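Read the structure below first, then the notes.
Labels below follow one simple rule: chain letters A, B, ... track the order of the sequence lines, proteins then strands, and each chain is numbered from 1.
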Amino acid sequence: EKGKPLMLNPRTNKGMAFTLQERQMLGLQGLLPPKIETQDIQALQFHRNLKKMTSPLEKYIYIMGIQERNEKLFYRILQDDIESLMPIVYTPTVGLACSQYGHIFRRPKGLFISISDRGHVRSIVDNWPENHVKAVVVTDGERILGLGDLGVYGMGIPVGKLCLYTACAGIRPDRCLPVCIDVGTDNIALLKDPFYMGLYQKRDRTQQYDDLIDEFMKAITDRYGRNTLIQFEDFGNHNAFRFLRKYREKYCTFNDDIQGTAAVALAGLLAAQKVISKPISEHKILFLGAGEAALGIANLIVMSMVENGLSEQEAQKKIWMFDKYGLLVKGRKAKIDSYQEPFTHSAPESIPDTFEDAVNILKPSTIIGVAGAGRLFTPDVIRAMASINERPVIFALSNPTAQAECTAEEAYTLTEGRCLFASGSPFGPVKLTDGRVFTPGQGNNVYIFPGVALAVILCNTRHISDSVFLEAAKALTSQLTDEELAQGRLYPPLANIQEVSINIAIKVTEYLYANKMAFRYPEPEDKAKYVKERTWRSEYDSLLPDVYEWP
Amino acid sequence: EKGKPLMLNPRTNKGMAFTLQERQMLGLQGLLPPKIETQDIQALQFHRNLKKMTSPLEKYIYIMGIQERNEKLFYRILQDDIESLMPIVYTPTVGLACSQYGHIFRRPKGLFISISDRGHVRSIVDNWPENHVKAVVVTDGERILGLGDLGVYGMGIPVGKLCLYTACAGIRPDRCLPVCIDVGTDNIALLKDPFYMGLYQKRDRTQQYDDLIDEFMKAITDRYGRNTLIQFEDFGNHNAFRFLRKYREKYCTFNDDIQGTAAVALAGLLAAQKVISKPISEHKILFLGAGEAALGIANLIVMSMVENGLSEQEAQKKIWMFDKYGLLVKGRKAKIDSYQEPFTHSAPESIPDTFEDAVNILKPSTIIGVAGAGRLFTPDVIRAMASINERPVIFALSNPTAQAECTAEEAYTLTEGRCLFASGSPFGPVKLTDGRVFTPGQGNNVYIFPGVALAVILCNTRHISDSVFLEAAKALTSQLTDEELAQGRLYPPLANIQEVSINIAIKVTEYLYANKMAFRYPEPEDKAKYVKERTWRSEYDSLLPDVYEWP
Amino acid sequence: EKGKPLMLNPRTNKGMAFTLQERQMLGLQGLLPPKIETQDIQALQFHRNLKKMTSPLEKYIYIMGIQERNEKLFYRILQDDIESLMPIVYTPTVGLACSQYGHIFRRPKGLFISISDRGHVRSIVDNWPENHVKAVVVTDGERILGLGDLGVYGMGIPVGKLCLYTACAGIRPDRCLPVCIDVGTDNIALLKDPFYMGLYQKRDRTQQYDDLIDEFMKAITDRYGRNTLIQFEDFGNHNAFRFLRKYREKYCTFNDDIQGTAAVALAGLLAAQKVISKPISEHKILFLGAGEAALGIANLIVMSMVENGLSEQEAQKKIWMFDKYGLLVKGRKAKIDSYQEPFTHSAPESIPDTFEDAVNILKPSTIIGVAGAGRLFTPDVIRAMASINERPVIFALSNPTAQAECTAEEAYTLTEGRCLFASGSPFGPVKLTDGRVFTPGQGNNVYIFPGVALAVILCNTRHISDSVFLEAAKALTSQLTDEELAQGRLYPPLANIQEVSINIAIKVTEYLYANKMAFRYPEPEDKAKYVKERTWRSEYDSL
Ligand SMILES: NC(=O)c1ccc[n+]([C@@H]2O[C@H](COP(=O)([O-])OP(=O)(O)OC[C@H]3O[C@@H](n4cnc5c(N)ncnc54)[C@H](O)[C@@H]3O)[C@@H](O)[C@H]2O)c1
Ligand SMILES: NC(=O)c1ccc[n+]([C@@H]2O[C@H](COP(=O)([O-])OP(=O)(O)OC[C@H]3O[C@@H](n4cnc5c(N)ncnc54)[C@H](O)[C@@H]3O)[C@@H](O)[C@H]2O)c1
Ligand SMILES: NC(=O)c1ccc[n+]([C@@H]2O[C@H](COP(=O)([O-])OP(=O)(O)OC[C@H]3O[C@@H](n4cnc5c(N)ncnc54)[C@H](O)[C@@H]3O)[C@@H](O)[C@H]2O)c1
Ligand SMILES: NC(=O)c1ccc[n+]([C@@H]2O[C@H](COP(=O)([O-])OP(=O)(O)OC[C@H]3O[C@@H](n4cnc5c(N)ncnc54)[C@H](O)[C@@H]3O)[C@@H](O)[C@H]2O)c1
Ligand SMILES: NC(=O)c1ccc[n+]([C@@H]2O[C@H](COP(=O)([O-])OP(=O)(O)OC[C@H]3O[C@@H](n4cnc5c(N)ncnc54)[C@H](O)[C@@H]3O)[C@@H](O)[C@H]2O)c1
Ligand SMILES: NC(=O)c1ccc[n+]([C@@H]2O[C@H](COP(=O)([O-])OP(=O)(O)OC[C@H]3O[C@@H](n4cnc5c(N)ncnc54)[C@H](O)[C@@H]3O)[C@@H](O)[C@H]2O)c1
C-alpha cells in the first residue's frame, strides 16, 4: 500500500519525517512541502508550541489532534513529557474535555454499543476493523469523576486511559478498543440539547441493562478470545462493583476503584513501613468506610501479613472498620454483609458513636479513609493520632478532593509534620511554622493499571487473582530508593512511570507463570527480556523498499 | 498500487520483463524467478513454442492464455506475426474454438445479458468495471459462420474481433467491451448438455427479443455515451440487417456483412479498374442476389460513379440484379422491395430463366455473386464471361466456401487465366496447363472494420454514413503499388494490415471532419499526426517510481 | 472483495457456482454466464474432461490450471480421485512436468530467494502477501529424485507437496509457503538455455551458500514465528542430512527423505511383524547402504526394539550395514562415520565380500535396500533369504523403478510367495504358478508427512523428536484391519490417505501433549475432535 493512504492513516503517517527516498518510492513526492525533518525536530516543534498555550483544555485539543494525524509522533511527545501530559490526556482534564468539547468537534473514536442494539451486539462488534484486540476499556458515562452523567461524551475516558496503556506500558494501540455503552442519560442538559450525539431517553435501569453488559462481554470474548482484558471505567460504583463480582471468575477483568486502590494503598503502607520500621504485631489498622474499597485494601493487607509470618485470623484481628452505623462489631443493630464478617470482631468494653471516639479507644497506627463522606478526619481525629503515635499513618483515599477525609495542610500542621500522609487528591506542598516543607503522598491508579494490563496480555492470562495486586504493590514500593525513603516519598516519581510500569509488569509476569495462570508457552527463562522485547515503541519504522544491486 | 496485484492484472503484468528495480521498489522481489528478460526475448520464446505446435485450436488456447496473463505481450506477439495469427485469434479458428473448448475452460470474459434480465439491463451494464467503453461488439450466437447456433459460447467471436480492433488499428483494449446476449439456443447438443453455461430454453423469437436489443442499445448508450460504436456479430442475417436499418440513424453502428462487404467489394472493383483501364460507360454490373449485400455493394458503386462524372440515374442503369425469381425488371410476377426499385429496369426483349441466359443477353463486364445459394457461377456462366469480355471481373462473395458461386480453380482454368477473380473464401493458388500460376483475390472484412472503427471513435462521430465505406474502399485500393497492380493483386498484403488500417482511419478522419460528422474539436490541422499519435501501442511502460537526489 | 477481483482471486472464486444471491450482492451479474452450478456439477464436468486427456503431463497442466483459478474446486477434484491424481500433482509427474515447465507456460508461484539476494532475504519474505504462514517447504532443487539437478525449475516440487499437505491433511492453503532457493545449477543443458529462469552460474558451494540457508531460516522465523514448520525437499543428500542435524534442535524442522522414509519403512516392518510374530530376539536386519536413509530407518528400528524391552546397544547388535566397500565392521580398511559406528560390529570369523555372502554368514531375517545402485537383490540373494527364513522380509526401497534392488516378480517367484515385500516403486500384482496372487507393499512418504505436519502445526510444537516418527509409523500400521493383514497388505490403501493422515495427526497430537512438546494451551480433552474440527475443507464458503 502506497500514495495518499500512507499519509491519511495515522498508524503509518510520518508527516514531514517522510524521507526523500520514501516520498519518491511510495508516491508522496509533491503531497508534502519540500523539506525533510526527523521525529526529534517534529517533537521539538510541538513541545515549543504547547509552552505558548496555558489552558489544559487547549493542550488536550492540540495533543489529541496529533493522535488522529500521526500515532507515533503522539506517543513520542506524550512519553517525552509524561508527568505534565498524563493529567491532560487523562484525569483530571479528559473529564473536563468530554463535557465542554463533545458537542463542537463531534469526531467519532472507538465503538458505540446502544441498548437499541440488544440482540445484535456481536454484529456491532464485528464492524470494528482491528482483528487482534487485546485490551477493551468500556464506559456507560454515568459517573465521570467530578462532573457526573455525561452520556456518550463518556467515550473520551476509555480513549484517554488507552493512551496511558500505550504511553506507560507500551501496549500496542492497534490492540486496544475503547467502548461506550449508551443506555440513555439522566442529564437534561444533554436530553434537551438538539445537538446531543447519544440516545434521547433516561438511563435504562431494568433487566435490559444487565442483559446488554452480559451480551457485550460474550460478544467481545467470542470475537477476540476468552483472555481479552476488560476494564469498566466511570460506571456507577454499584454497577462497577457488582460487575467485578459477576465477571471476575468467568472473564479476564479488573477494577481500578477496588483493586488499583488496594495495590496503591498497600504500596504506600509498605513504603511507610520502610521508614517507620514498626513491627508486625505493633500494627492496628482502622478504616473509615466498610464498602468494596475498604474490603479490597483490607484483603490485600491480610495477604501481605500472611506472607510475613502471621495467620489469616491473626492479620484480620489487626483491622477494624467504622461505616455509617459506626464500628463493625459482632452483634449490632445495623446490617453486616458476609464479605465484612472477617473484619467484624468482639466489641471492646467502650463503644464509640463518632470515628474520633473509635481512634481513642482502639489506638490504631494507621487510619485509612474510604467513606466518600467528606472531612471525617477532623482536627480532633488528626490530633488524637499525633497523640497516640510517634509517626501516625493517615491515608485519605476518598475522591474527588471535596470528598477527601482531610487535606495535606490540616494533616501535617495538626500532627506538626510527624504523620505519613497520602491522598488520591492533588494537594500541593504544605509549609509548617518551623520553616520545613512537606510534599504529601499522592496515590494514583496509573502506578498499577499499565504494568498489570501488560503482564496479563503478554502472559495470555484468563483470570486476575488478588495476588496480582499484592505483587503489583510490592513491585511499586521495591522501586523507592533509600535516599527517596529518607525524604519521606511513599510513591515513585511519576516522571519514571514507564520504567515503573514495566518493572511491575516483569514482576506480575514472574508471578503468573510461577502459579500456572499464564497460557503463553514456551515460558521464557528471563521474564525481564520477555517484556522489555514485546513493548510497542514510538520510534518511526522505515517504509523504504529494499533496493540493492545484483552481483 | 503495488505488490501481487500488479502481477495478477494483465493490463500491468510484465512477468519476467519486470525490471530488478521495479521488482524491488514495487514489492515483487521473490514473487518472480530470479532472472530479468525483455519483451523481445519474451516474444521470441513464444514464437519458438508456437512453431512446435501445429493445430490451430492448440495455437488459440496458447495465445488466448497470454491475453489473460500479459495484455501487452499478447498484442506484441499478435502484431509480430499478424498474417498467421489473425486467422487463429479470429475467423476461421475462433468459431471452431468456441464450439469445442467452451465446455472445458469455462473462463468468463466480457458481459453476459440474458432475456431473464429484461427491465434491469442497465444494472448488468453497470457491473462492467471499465468506465470509458468506446467500442461495443455484441452477439446472440445464433449464426457462427460454418458451425451455426453456439448460444453463449458465441462470446468468443466479439472477444476475437476486439483483439483485431487493437492489433490492426491500435484501439485501446480497456475501451473495448465484448457482449453476448442470451435469449436461449435452438441447438439440442447444448440444451441436453448438463454442463452448458447458457439459458436452458429455445431462442425467444417474440416481441421480448426486439425489446431486449432495444433496452441493451439504450443501456450501453446511457452509461458510455451516444457516440459509443456498436457492431452486431454472427446474429441471424434477418436480425443483423433489420437492426442495421432500425439503429443506423439513432446510434453509431455499422455491419460488416453489408457495409464491410460493400467497401471490400468496391475496393476490389477499383483495383480491377486500374489494370483493366476500361471506361465508365463501357461498364455494366450483373448481381446474382438482390438482398441487403447486393443493395449495399450496388449503392457504393453508384456513389463511386457519381464522384467520377456520371448521374445517380445513369450509374443505376449500369447495374442489374437476378434473384431467386430471376432478373429484376419493371413488371414481373415476383415481389420488388422499394430498396430494389433503383436497380429494377425496363426488360430487354429477351428475358432469361437461368443466370447463364442473363449474362449472354446483358453482356456484363462484371458479375458479383451475393446469393449464398452455392455454385451458381457454373462453367457455362464462367465460359460465357470469358467469351463476352477480354478480362472478365468475377466476384464470388457468398460465404462460407460451400456457398461460394465458383472456385478460383474453375474461375481461372475456364477463362484461361484472363478473369480478375475475388472471393471471401480462402482458395489457394491455381496452376494452368501453360505453366503460369494465379493467386486469387481474397476479400476480407479485416481490411475495413479496424480503420473505420478507429476514425469514428477518434472523431467522436455519432452517425456512420455510406460515404465512410466509399472513402474506406478508395483508401484501401490507393495503397496497392504499381508493381502490385501489374502482378494482378486486387487487395494489399495482410502482413501490412496495421499500416493499411491506420491510413484508412486517417482518410475517414479527413472525410468525417470535412463533412461536419466529427464532434472532437479543436479539429487537427494534420489528421495523419492526429491518429498516428492516439494509437495504443504494445511497448511496455516503465512503472518505476522517479527517484533522484536533491541539489 | 467486490466484482472482478472476487473472480480473479482463486482463494474466493467459486466460478459458475457463485449463487444468484452472491452475484446480485457482489456485482457479478453480467461478468458470468447465466448458468448457476453446484461444486458437484463442476467436479463432475472436470473429472470427464480429465479422462479424455491422454498424457499424465497434459493432466498436470489442466488440474494446475484449476489451482490458479478456483482453489476450492482444485482441492475438491484432487480429494475426489486422490489415489490417481496424487501421482499427477506430485511424484512422479511433478518431476517430469518441472523438466519442461517454465518454457511454454512459465506462470510464477511461491517465493524465490537467490544467492544474489544475500543479506536481503527478509525483504523477500516480507513481500509474501499472507501473514499467518504455518508450513514452509523449501528446495534448492539439486536432487529432484529421477531427474537430478533441475535448478530453479525445482519450485514445482514444494508446490506439489503443499498440495498434498492440504488434500491429505486439510492444512489451510493460505498458511502454506512453497520456497525455491536459487544458488545456480550444474545442469549444462539448462545453463546453455537462453530461456532458463534461474542464475546462469554453477552451484555456489562456498560459505555464502550455508549463510544464505541460515538467513532464510532466521527470515521465515522472524516474520511467521519460531513455531513455523520448515520442511527441506530434494536437497543434495550431502546438505539435507547436515542441515537436519544443524537446525532440528534450533527450529521446527524435519526431512522427508530421512525421517518420512524411516517412518514408512518401520510401519511396513511393523505390519510384517503382526503377520509372522518373529520372536524379537531372532530379528537380524541387514541394510544394503549405510547412507543417512539407512541410518534413519536403523535409528527408528532400535527405538522400536527399546520400547519393546531390549536395551539400546542390544538392539544395535541386531542391525548390520553393507556399503560399496562391503560389511561395516570394526577396524575395516574403508571409512566409518560416527553415526555409522553404532551399527559397526566386531568381525564374524568369515568376512563377506559380497551381499549374497553377507546374507549367508549373518543369515538375517530382514534385508533393506537403500543403495540406489539397481538390482543388487539378485536371484541368488532372494533364494538365500527364502532358504534361511520361513517368511523373509525383503524391502527394496531405491525409489526410481530402474534402480530398485529387485522387482515384486523376482521377490514372490524366487521365494514361493513366502516373502513380505515392499518397494518405493509402482510394481503390479504378481501371480505365481500355484495360482496365488501377491499385491506388493508400496512405501510412500505421503502416509507420514501430512499427518505429522498437521499435528506439529495444531500443537504449536517447536522441536520434532525421533519419537514423533516412531509414533507416526505405529499410527500408520494400526490403521491396518485384520482382513487387510490376512490378505498380506503392509500399508493401508492410498484411497483412504485422508482418514489415514487425520488418524495419524490425532495419535501424534496425543503423544506431543503427553510429552510436553505441545505449547498450544489450553490442552484439548478430546484430541480427535480438536484435530477433526480444525481441518480446512473443499466445501465452498458463503460470501
Ligand atoms: N505485527 C503484526 O502486524 C502481526 C500481526 C499478527 C501476527 N503477527 C505475528 O504472529 C506471531 C504470534 O504472536 P505471539 O503469540 O508470538 O505473540 P507473543 O507471544 O510475543 O505475545 C503474547 C501475547 O501478547 C500479545 N502482545 C505482544 N506484544 C504486545 C504489545 N506490545 N501490546 C499488546 N499485546 C502484545 C500477543 O498478541 C499475544 O496475545 C508473532 O511472531 C508476530 O510476528 C504479527
Ligand atoms: N465522586 C465519585 O465519583 C465517587 C462516587 C462514589 C464513590 N467514590 C469513591 O469510591 C469508593 C466506593 O464507595 P462505596 O461504593 O463503597 O460507597 P458505599 O456507601 O457503598 O460505602 C462507603 C462506606 O463508607 C461508609 N460511610 C458513609 N458515610 C459515612 C459517615 N458519615 N461516617 C462513617 N462512614 C460512612 C459507608 O457506611 C460504607 O461502609 C469511595 O471510597 C469513594 O471515595 C467516588
Ligand atoms: N489514459 C488514461 O488513463 C486516461 C483516462 C481518462 C482520461 N484521460 C485523459 O483525459 C483527456 C481527455 O481525452 P481527449 O478527449 O483529449 O481524447 P482524444 O481527443 O485524444 O481522443 C478522442 C476520442 O477518442 C478516444 N481515444 C483516443 N485514443 C484512443 C485509442 N487508442 N483507442 C480508443 N479510443 C481512443 C477518446 O476517449 C475520445 O473519446 C486526455 O488528455 C487523457 O490524458 C486519460
Ligand atoms: N453461412 C452463413 O452464415 C450465411 C448465412 C446467410 C447469408 N450469408 C451471406 O450473407 C449474405 C446475405 O444474404 P441475404 O440475407 O440477402 O439472403 P436473402 O435470401 O435475403 O437474399 C439473398 C439473395 O440471393 C437470391 N437467391 C437465392 N437463391 C437464388 C438462386 N438459386 N438463384 C439466384 N438468386 C438466388 C435471393 O433471391 C436474394 O435476392 C449472402 O450473400 C451470404 O453470402 C452467410
Ligand atoms: N473449536 C472450533 O470449533 C473451531 C473450529 C475452527 C476454528 N476455530 C478457531 O480457533 C480459534 C482459537 O485460536 P487459535 O487459532 O490460536 O487456536 P487453534 O487451535 O485454531 O490454532 C492451532 C494452531 O494451528 C493453526 N491452524 C489451525 N487450523 C489449521 C489448519 N487447518 N491449517 C493450518 N494451520 C492451522 C493455528 O494458526 C494455530 O497456530 C478460535 O478463535 C476459533 O475462531 C475454532
Ligand atoms: N523409501 C522411500 O520411499 C524413499 C524415499 C526417498 C528416497 N529413497 C531412496 O533412498 C536412496 C538413498 O541412496 P542414495 O543413492 O541417495 O545414496 P546415499 O549416499 O544416500 O546412500 C547410498 C548407500 O549405498 C551405498 N552403495 C552405493 N553403491 C553400492 C553398491 N554397488 N553396493 C552396496 N552399496 C552401495 C553407498 O556407499 C551408501 O552407503 C535413494 O536411492 C532413493 O531412491 C527412498
Side-chain angles (χ1 to χ4, degrees), chain B residues 79-87 167-169 260 263-280 282-283 300-301 304 307-308 365-366 368 385-386 389-397 407-409 411-413 415-452 469-508 510 528 531-532:
Chain B
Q79 286 180 335
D80 264 8
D81 189 18
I82 188 151
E83 189 172 357
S84 296
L85 287 168
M86 270 187 298
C168 302
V264 168
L266 175 44
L269 300 184
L270 278 160
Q273 242 302 108
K274 288 198 100 205
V275 25
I276 325 170
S277 302
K278 178 168 233 137
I280 354 185
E282 208 145 325
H283 266 300
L300 227 63
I301 291 165
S304 184
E307 280 203 331
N308 277 295
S365 44
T366 305
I368 286 154
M385 287 292 297
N389 295 285
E390 170 147 44
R391 310 295 301 288
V393 183
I394 300 159
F395 280 25
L397 296 192
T407 59
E409 199 156 332
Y412 279 118
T413 36
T415 71
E416 64 211 346
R418 295 190 290 111
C419 63
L420 288 182
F421 183 76
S423 183
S425 307
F427 302 117
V430 309
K431 196 201 316 185
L432 296 164
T433 35
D434 47 356
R436 59 189 180 160
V437 176
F438 288 81
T439 47
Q442 249 237 71
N444 196 323
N445 279 333
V446 82
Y447 282 126
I448 301 301
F449 73 73
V452 166
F469 297 105
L470 203 186
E471 282 298 306
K474 293 153 62 167
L476 183 53
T477 299
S478 80
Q479 308 218 221
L480 285 162
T481 67
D482 294 300
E483 174 70 356
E484 273 171 354
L485 279 166
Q487 295 163 340
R489 285 199 83 86
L490 297 173
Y491 294 110
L494 279 173
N496 312 345
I497 186 58
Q498 271 156 290
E499 164 182 314
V500 164
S501 291
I502 257 99
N503 286 340
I504 288 161
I506 292 166
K507 272 285 175 283
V508 173
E510 273 170 14
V531 178
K532 277 149 116 86

Report summary line: Heavy-atom closest pair (B/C168 atom, B/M86 atom, distance to 0.1 Å) is SG-SD, 3.9 Å

Query raised in the report: So, do B/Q498 and B/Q79 sit near enough that their side-chain heavy atoms are less than 4.5 Å apart?
Result: yes

Query raised in the report: Do the non-hydrogen side-chain atoms of B/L397 and B/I368 ever get within less than 4.5 Å of each other?
Result: yes

Query - B/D482 CG: over 12 foreign heavy atoms closer than 6.0 Å - result: no

Query - Backbone of B/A411 reached by a side-chain donor or acceptor of B/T415 within 3.5 Å - result: yes

Report task. Keeping the roles fixed (side chain from B/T439, backbone from B/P429), state whether a donor-acceptor pair exists under 3.5 Å. Result -> no

**Report entry** B/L494 vs B/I82 side-chain heavy atoms within contact, under 4.5 Å
**Finding:** no

Requested in this report: Grab the two heavy atoms, one from B/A396 and one from B/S423, that are nearest each other, plus how far apart they are.
Outcome: O-OG, 3.1 Å

Report task. Report yes if some heavy atom in the side chain of B/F469 is under 4.5 Å from a heavy atom in the side chain of B/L266; otherwise report no. Result -> no

Requested in this report: First locate atom CG of B/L270, then atom CD1 of B/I301, and finally report the distance between them rounded to the nearest 0.5 Å.
Outcome: 9.0 Å

Requested in this report: Classify the ring geometry between B/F421 and B/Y412 as parallel (under 30°), tilted (30 to 60°) or perpendicular (over 60°).
Outcome: perpendicular

Query raised in the report: For B/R418, does its backbone N or O pair with a side-chain atom of B/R391 as donor and acceptor, under 3.5 Å?
Result: yes

Report summary line: For B/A475 and B/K507, the nearest pair of non-hydrogen atoms, with its separation, is CB-CB, 4.0 Å

Query raised in the report: Above 12 or not: heavy atoms from other molecules or residues under 6.0 Å from CD of B/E390?
Result: no

Report summary line: Closest non-hydrogen contact found for B/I504 with B/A472 is CG1-O, 4.1 Å

Query raised in the report: With a 4.5 Å heavy-atom cut-off, do B/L432 and B/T413 have their side chains touching?
Result: yes

Query - Residue pair B/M385 / B/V393: nearest heavy atoms and the distance that separates them - result: CE-O, 4.1 Å

Query raised in the report: Does B/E83 reach the side chain of B/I497, with side-chain heavy atoms less than 4.5 Å apart?
Result: no

**Report entry** Rounded distance (nearest 0.5 Å) linking atom NZ of B/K278 with atom OG1 of B/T366
**Finding:** 7.5 Å

Requested in this report: Look at atom CD of B/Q442 and say whether more than 12 heavy atoms of other residues, nucleotides or ligands are closer to it than 6.0 Å.
Outcome: yes

Requested in this report: Could you grab the distance from atom CG of B/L420 to atom CZ of B/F438, nearest 0.5 Å is fine?
Outcome: 9.0 Å

Report task. Any chance you could measure B/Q479, atom CD, to B/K474, atom NZ, to the nearest 0.5 Å? Result -> 14.0 Å

**Report entry** B/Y447 side chain to B/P492 backbone, donor-acceptor under 3.5 Å
**Finding:** yes

**Report entry** Nearest-0.5 Å distance, CG of residue B/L476 to OG of residue B/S478
**Finding:** 8.0 Å

Query - B/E307 and B/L470, any side-chain heavy atoms less than 4.5 Å apart - result: yes

**Report entry** From B/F395 atom CZ to B/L269 atom CG, the distance as rounded to the nearest 0.5 Å
**Finding:** 4.5 Å

